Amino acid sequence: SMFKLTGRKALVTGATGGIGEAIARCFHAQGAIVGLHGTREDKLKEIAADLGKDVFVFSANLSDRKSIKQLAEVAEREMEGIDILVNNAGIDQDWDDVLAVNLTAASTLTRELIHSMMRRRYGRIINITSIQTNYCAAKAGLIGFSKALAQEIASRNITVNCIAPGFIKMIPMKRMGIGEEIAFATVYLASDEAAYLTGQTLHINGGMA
């Protein structure tokens, strides 16, 4: 019908709780073949059991580069080609850790999977930013990475977009958001209907300034 993801293969990182879980569920309800990533194997299998069929579980430490490359190679083979990547995992030492986990991990995993998408002339990359100064830097860097990548691969029918969530469970709407509202947006961006939308950030935050 509309905004269905039937038969598309999606890898979602940080799929263990919160927004990543909600994205996972929502993708599945729209007919996607979903691959869940996290570090808690027990919590993942629990989610895959809740949903049932067309679900894969993967473990990887996204703070380790070799481990990110391993995740890509394995998810791509076992899922047989990835269509949609949702980068959703996040959180001097502090600065380095946040940049590593909130920016570099997404760009590493993205660059591993874009080649196959470029061959197929079809893909969706969706970066979910974190909800202080280190986080703001990594977040703004991820958005800049996303916009520049969008320009690079636009002619290959791959879109690259970000979602910037507000306060999720000084908001003009006078309520916090829920993870499923982020999920719905991710379905929209992932769908064929959003083929002409790229290089964008959806701020989902109740009107925050």
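A residue's number is simply how far along the shown sequence it sits, counting from 1.
Per the record, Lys169 and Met170 are separated by 10 or more deposited residues that have no coordinates. According to the record, no deposited residue between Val74 and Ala75 is left without atomic coordinates.
For the segment pair 176-184 and 53-61, the entry gives 53-61 the higher mean B-factor, averaged over Cα atoms. According to the PDB record, 37-45 carries the higher mean C-alpha B-factor of the two stretches 144-152 and 37-45. The maximum CA B-factor among the listed residues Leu109, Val98, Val86, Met79, taken from the PDB record, is found at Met79. Among the modelled residues of its chain, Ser67 has a C-alpha B-factor that falls in the highest third according to the deposited record.
Annotation for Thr104: CA B-factor lies in the lowest third of the chain's modelled residues. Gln93: CA B factor lies in the highest third for its chain, per the PDB record. Among all modelled residues in this chain, the alpha-carbon of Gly14 has a temperature factor (C-alpha) in the middle third. Compared with the other modelled residues of the chain, the Cα B-factor recorded for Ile131 ranks in the highest third.
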